[PDB]
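Trainee: Chains as they are written, first to last, in my numbering: chain A, 136 to 447; chain B, 0 to 144; chain C, 641 to 689; chain D, 306 to 326; chain E, 306 to 326; chain F, 30 to 104; chain G, 2 to 21; chain H, 9 to 104; chain I, 9 to 104.
The beta-carbon is built from N, C-alpha and C at its ideal position, and this holds for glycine as well.
1. According to DSSP, residue 188 of chain B sits in a beta bridge with which residue or residues?
2. Can you pull the chain H residues whose beta carbon is under 8 Å from the beta carbon of residue 13 of chain G, in chain order?
3. Buried or exposed: residue 68 of chain I, going by 16 or more other Cβ atoms within 10 Å of its Cβ?
4. Name the two residues that bound the continuous alpha helix (DSSP H) containing residue 26 of chain B.
5. On the DSSP bridge list, what partners appear for residue 395 of chain A?
6. Thinking just about the alpha-carbon of each residue, which of I:74, I:79, I:55 and I:76 is nearest to the one in residue 16 of chain B?
7. Pick helix, strand or coil for residue 652 of chain C, following the three-state DSSP scheme.
8. Can you have a look at residue 207 of chain A and say buried or exposed, based on whether 16 or more other CB atoms are within 10 angstroms of its CB?
9. So residue 19 of chain G contacts chain H; which residues on that side make the cut at Cβ distance below 7 Å?
10. Would you call residue 224 of chain A buried or exposed, if buried means 16 or more other Cβ atoms sit within 10 Å of its Cβ?
11. Which residues does DSSP pair with residue 10 of chain I in a beta bridge?
12. DSSP on residue 419 of chain A, reduced to helix/strand/coil?
13. With DSSP collapsed to three states, give me the class of residue 658 of chain C.
14. With contact counted as at least three CB pairs below 8 Å, one residue from each stretch, are the segment 13-29 of chain B and the segment 48-65 of chain I in contact?
15. Please identify, using Cβ separations under 8 Å, the residues of the segment 310-323 of chain D that lie next to chain A, in order along the chain.
16. Once DSSP output is grouped into helix, strand and coil, what is the label at residue 187 of chain A?
17. Candidates A:418, A:411, A:431 and A:417: which alpha carbon is nearest residue 425 of chain A's?
18. Verify the CB distance criterion: does residue 19 of chain H have a CB-CB separation below 8 Å to chain G?
19. Look at residue 378 of chain A and residue 437 of chain A and say whether their C-beta atoms are less than 8 Å apart.
20. Examine chain E for any beta-carbon lying closer than 8 Å to the beta-carbon of residue 51 of chain H, and answer yes or no.
21. Closer than 7 Å, Cβ to Cβ, to anything on chain E: give me those residues from the segment 331-346 of chain A, in chain order.
22. Under 8 Å, do residue 304 of chain A and residue 41 of chain B count as touching if we go by C-beta distance?
23. Chain I beta carbons: is any one of them nearer than 8 Å to that of residue 309 of chain A?
24. Do we get a CB-CB distance below 8 Å when we pair residue 439 of chain A with the residues of chain B?
25. Quick check on the burial criterion: 16 or more other C-beta atoms within 10 angstroms. Buried or exposed for residue 325 of chain E?
26. List the residues of chain I whose Cβ lies closer than 8 Å to the Cβ of residue 285 of chain A, in chain order.
27. In angstroms with no decimal places, state the Cα-to-Cα distance between residue 313 of chain A and residue 100 of chain F.
28. I need the straight-line Cα distance from residue 57 of chain F to residue 42 of chain F, nearest angstrom please.
29. Quick one: using the 10 Å Cβ neighbour count with 16 as the cut-off for buried, is residue 32 of chain I buried or exposed?
30. Taking 8 Å as the CB-CB limit, is residue 134 of chain A close to chain I?
31. Compute the distance between the beta-carbons of residue 239 of chain A and residue 46 of chain I, then report whether it is under 8 Å.
32. Since I believe residue 72 of chain H is in contact with residue 299 of chain A (beta carbons under 8 Å), could you give me their beta-carbon distance rounded to a whole number of angstroms?
33. Where do the N-terminal and C-terminal ends of the alpha helix (DSSP H) with residue 98 of chain H fall, by residue?
34. Is residue 191 of chain A close to chain B? Criterion is C-beta to C-beta, closer than 8 Å.
35. Closer than 8 Å, CB to CB, is residue 249 of chain A near chain H or not?
36. So is residue 266 of chain A buried or exposed if we call it buried at 16+ other beta carbons inside 10 Å?
Put into structure tokens, the structure is as follows:
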């Protein structure tokens with residue numbers, strides 16, 4: 136009984152109406168971003184999480200465009216339980232802690248949508264509302280995302296009740312997008328205009344031009360820099376396991392194979408390294424060699440000398 | 000100029016086909032385009048996009064997982080390095096002594112360790128003529144030194 | 641708010657010294673945190689037993 | 306029947322898009 | 306002040322170039 | 030708390046925060062807050078009875094849940 | 002009728018008849 | 009020491025190759041703006057776009073109220089505005 | 009067993025790399041439709057195209073009969089139809 140009452144009062148109720156889809160989607164975009172960045176069994180896990188973020192965002196769009204509070208309730212319940220059960224499937228972390236955190240924000244804003252309701256006017260692109268600069272910039276980069284524009288169009292078409300086709304739908308979306316961008320620019324020119332026959336202003340030029348040049352620099356040079364930097368880093372210690380000194384003597388039959396292995400080989404400690412470096416400190420390059428090589432790098436060649444292995 | 004008339008014609012044909020099909024099968028006004036039509040086209044597009052990203056990954060991984068051709072130890076070199084100073088005991092064998100286990104032989108090993116699931120698993124998962132026999136020689140002659 | 645800093649100490653005295661006395665301290669905190677705002681204004685002089 | 310015809314129409318619409326919508 | 310406003314406008318028309326200037 | 034500890038620790042209260050408290054008639058309830066306090070206390074008790082070397086982020090949890098209780102008692 | 006109602010546009014719609 | 013012994017797929021190449029591919033495709037996405045901006049200056053330098061956003065927003069309003077007959081009719085206006093450049097000039101005039 | 013010992017060039021990479029390249033370029037080919045379909049809705053949303061296919065087919069007919077003087081003349085019509093969007097509207101009117 137009590138459960139039924141809770142659900143009844145989460146569906147029928149008498150509350151207000153807010154549109155927090157923008158923020159829910161932004162939370163999911165951040166989640167996607169950090170999972171993509173968090174590629175670090177692990178690739179397979181990150182790929183499944185990708186498909187997941189994506190599928191859940193699509194389902195969210197469906198319920199938003201169909202204004203389903205009951206559907207959102209169901210989705211929320213399922214998702215909460217499933218994401219919390221995925222904490223048990225840790226077997227493939229700061230990245231995961233952050234993913235949990237941002238998904239918690241999504242669950243909080245989603246819960247808000249359910250307990251408030253869906254507003255009558257749901258259609259309309261977020262970044263085409265006002266014609267201040269922030270809306271302009273957000274709309275631009277948001278649309279810039281490779282497949283976001285087309286996904287939005289097709290998806291919306293499938294849920295929204297239309298008489299037309301997808302091509303027709305994409306036409307009105309393109310027109311609107313372009314018209315918004317123009318409007319924002321027109322508005323900003325009315326807010327702040329320059330005079331006629333008046334230099335656009337050295338500074339304006341220097342700024343935009345500079346940014347473009349720097350962006351182009353970061354297309355070619357920066358990747359090279361990053362690449363080389365990583366490659367230069369000598370990753371993990373490589374120490375000779377054994378010291379095999381075969382003093383091949385006899386031209387006919389080379390022998391003298393008295394040698395040693397790991398037990399005799401001593402990975403030099405930090406203190407030991409200091410000793411060697413100081414021994415050869417007068418000679419700059421000698422010390423350099425020792426010092427540059429990381430501690431527990433320089434290994435000790437304690438080659439065995441005793442015999443028994445007969446000369447042949 | 001030639002390419003111009005070809006482009007015009009191509010586009011004009013595509014338009015004509017669409018116009019003809021709309022005359023053959025028309026639609027009413029203020030009339031939902033039909034849930035099903037939407038579901039179909041949209042679905043196909045989504046699936047095509049799925050096959051751009053996921054399907055290649057699937058295929059790639061699948062092929063990589065396949066362990067292609069049998070790799071069996073040619074020789075069983077057991078050097079029982081004993082003496083700390085002079086490690087010896089190098090009595091060992093090669094391919095003649097090494098026996099690529101047959102299908103029947105594999106069954107035997109699997110059944111021997113059948114009670115333990117993972118033990119049997121190891122043997123059974125490894126393909127027949129995979130598990131090789133380490134018949135290492137023990138006789139000496141080679142002196143310790 | 642001193643009534644309450646003592647409640648904090650009561651909790652942490654139990655936590656630190658893992659024993660049976662510590663479980664008792666933990667319980668004493670739990671209780672006087674629940675039934676506590678009542679006797680913060682009723683035990684001011686009226687029987688601080 | 307009607308359902309099949311509708312499916313065919315949807316298919317055409319989709320593959321219609323295959324050359325400038 | 307004025308300089309800051311001009312700068313704002315600079316990067317602003319620069320992002321104007323981010324989806325058809 | 031679910032980001033610092035896992036398994037049975039948390040994953041009961043966070044689930045309930047998302048599915049009961051935030052999905053409710055205005056202010057959660059009284060039973061939610063009571064069950065939160067109760068679960069946190071039980072968790073503390075059983076972690077004290079030993080998981081070994083138990084952590085106490087449930088101190089700041091219990092005390093924040095009793096602070097909210099005081100705020101809502103004053104209304 | 003779609004086929005016909007989406008292909009019915011003419012110049013008369015765009016006349017400036019008190020478009021507020 | 010050796011230089012590359014890191015983990016996560018192939019630090020040397022699986023994630024690395026994917027990253028490169030992404031960068032390139034994002035490259036093309038961003039070029040998609042600053043490459044052919046000059047092929048539209050014959051329908052993009054329109055002044056006032058207020059009358060066109062009204063049309064666009066009316067299509068949206070008519071889809072929320074589910075009067076989809078008028079959706080088809082208002083779409084017809086949109087496509088004719090964009091089919092005749094001279095009417096765009098008329099409709100996008102600064103004042104009237 | 010080892011995992012990759014197959015033949016045919018390099019099963020690991022020659023044919024494999026070529027396949028990937030093909031897929032990408034076919035990718036761009038297919039994108040060539042569903043990317044800028046909206047930049048033509050000003051010259052491509054025409055109703056009746058019957059009069060334009062007649063023109064196109066007349067160019068073809070006049071090339072088979074080798075009267076290439078009229079090829080130049082009919083090409084002139086085609087290019088003016090596509091030079092003035094308003095005449096396209098007139099020529100592509102549904103009825104007349």
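Mentor: By the coordinates alone:
1. Residue 188 of chain B cannot be examined here, being either before or after the span of chain B that is shown, 0 to 144.
2. Counting from one through the seventh chain, the residue named residue 13 of chain G turns up at place 12. The premise fails here: residue 13 of chain G is roughly 11 Å from chain H at the closest Cβ pair, so nothing lies under 8 Å.
3. Sequence index remark: in the ninth chain, residue 68 of chain I carries index 60 (1-based). Exposed is the call here.
4. One-based indexing of the second chain puts residue 26 of chain B at position 27. Following the DSSP letters along the chain, one finds residue 26 of chain B in no alpha helix (DSSP H), marked with neither H nor E.
5. Taking the first chain and counting its residues from 1, the one referred to as residue 395 of chain A is at position 260. BP columns for residue 395 of chain A point to A:378.
6. For this step, residue 16 of chain B is matched to residue 17 along the second chain. Shortest Cα-Cα distance from residue 16 of chain B to any of I:74, I:79, I:55 and I:76 involves I:55.
7. For the purposes of this step, residue 652 of chain C is identified with residue 12 of the third chain, where counting begins at 1. Reduced to three states, the DSSP call for residue 652 of chain C is helix.
8. On the first chain, residue 207 of chain A is found 72 positions in, with the first residue counted as 1. Classification for residue 207 of chain A: buried.
9. Position 18 of the seventh chain holds residue 19 of chain G. Residues of chain H passing the Cβ test: none, with the nearest at roughly 13 Å.
10. Translated into positions along the first chain, residue 224 of chain A becomes position 89. With fewer than 16 other Cβ atoms within 10 Å, it is exposed.
11. In the ninth chain, residue 10 of chain I corresponds to position 2, counting from 1. Beta-bridge pairing links residue 10 of chain I to B:68.
12. Counted from its first residue, the first chain places residue 419 of chain A at position 284. Helix at residue 419 of chain A.
13. Counting from one through the third chain, the residue named residue 658 of chain C turns up at place 18. In the structure shown, the three-state DSSP call for residue 658 of chain C is coil.
14. In this structure the segment 13-29 of chain B touches the segment 48-65 of chain I; the number of beta carbon pairs closer than 8 Å is three or more.
15. Those residues of the segment 310-323 of chain D that come within reach of chain A (Cβ to Cβ, closer than 8 Å) are 318 and 322.
16. Translated into positions along the first chain, residue 187 of chain A becomes position 52. Residue 187 of chain A carries a helical assignment under DSSP once its states are collapsed to helix, strand and coil.
17. Sequence index remark: in the first chain, residue 425 of chain A carries index 290 (1-based). It is A:411 whose Cα lies nearest to the Cα of residue 425 of chain A.
18. Start at 1 with the first residue of the eighth chain, and residue 19 of chain H comes out as number 11. Answer no: the Cβ-Cβ gap between residue 19 of chain H and chain G never drops below 8 Å.
19. For this step, residue 378 of chain A is matched to residue 243 along the first chain. For this step, residue 437 of chain A is matched to residue 302 along the first chain. The answer is yes: Cβ separation under 8 Å.
20. Against the eighth chain, residue 51 of chain H aligns to sequence position 43. So, not an interface residue.
21. Those residues of the segment 331-346 of chain A that come within reach of chain E (Cβ to Cβ, closer than 7 Å) are 336, 338, 339, 342, 343 and 346.
22. Counting from one through the first chain, the residue named residue 304 of chain A turns up at place 169. Counting from one through the second chain, the residue named residue 41 of chain B turns up at place 42. Not in contact: residue 304 of chain A and residue 41 of chain B (Cβ atoms no closer than 8 Å).
23. As a position in the first chain, residue 309 of chain A is number 174, starting the count at 1. It does; some Cβ of chain I falls within 8 Å.
24. Residue 439 of chain A sits at position 304 when you count from the first residue of the first chain. Taking Cβ atoms only, chain B reaches closer than 8 Å to residue 439 of chain A, which makes this a yes.
25. Sequence index remark: in the fifth chain, residue 325 of chain E carries index 20 (1-based). Label assigned to residue 325 of chain E: buried.
26. Indexing the first chain from 1 puts residue 285 of chain A at position 150. Within chain I, the C-beta atoms nearer than 8 Å to that of residue 285 of chain A come from 42, in chain order.
27. Within the first chain, residue 313 of chain A is the residue found at index 178, counting from 1. Within the sixth chain, residue 100 of chain F is the residue found at index 71, counting from 1. Rounded to the nearest angstrom, the two C-alpha atoms are 51 Å apart.
28. Translated into the one-based positions of the sixth chain, residue 57 of chain F becomes position 28. Translated into the one-based positions of the sixth chain, residue 42 of chain F becomes position 13. One C-alpha to the other measures close to 13 Å.
29. One-based indexing of the ninth chain puts residue 32 of chain I at position 24. The C-beta of residue 32 of chain I has fewer than 16 other C-beta atoms within 10 Å across all chains shown, which makes the residue exposed.
30. A question about residue 134 of chain A goes unanswered here, because the residues of chain A that appear run from 136 up to 447.
31. What you label residue 239 of chain A is simply residue 104 of the first chain in a count that begins at 1. What you label residue 46 of chain I is simply residue 38 of the ninth chain in a count that begins at 1. Contact flag unset, no.
32. Within the first chain, numbered from 1, the residue matching residue 299 of chain A stands at position 164. Within the eighth chain, numbered from 1, the residue matching residue 72 of chain H stands at position 64. Not a contact, Cβ separation roughly 15 Å.
33. Position 90 of the eighth chain, counting from 1, holds the residue named residue 98 of chain H. From DSSP, the alpha helix (DSSP H) with residue 98 of chain H extends over 93-99.
34. Looking up residue 191 of chain A in the first chain gives position 56. Answer no: the Cβ-Cβ gap between residue 191 of chain A and chain B never drops below 8 Å.
35. In the first chain, the residue the question calls residue 249 of chain A occupies position 114. With 8 Å as the cut-off, residue 249 of chain A does not count as an interface residue toward chain H.
36. The residue given as residue 266 of chain A occupies position 131 in the first chain. In the assembly as shown, residue 266 of chain A is a buried residue. Its beta-carbon has 16 or more other beta-carbons within 10 Å.
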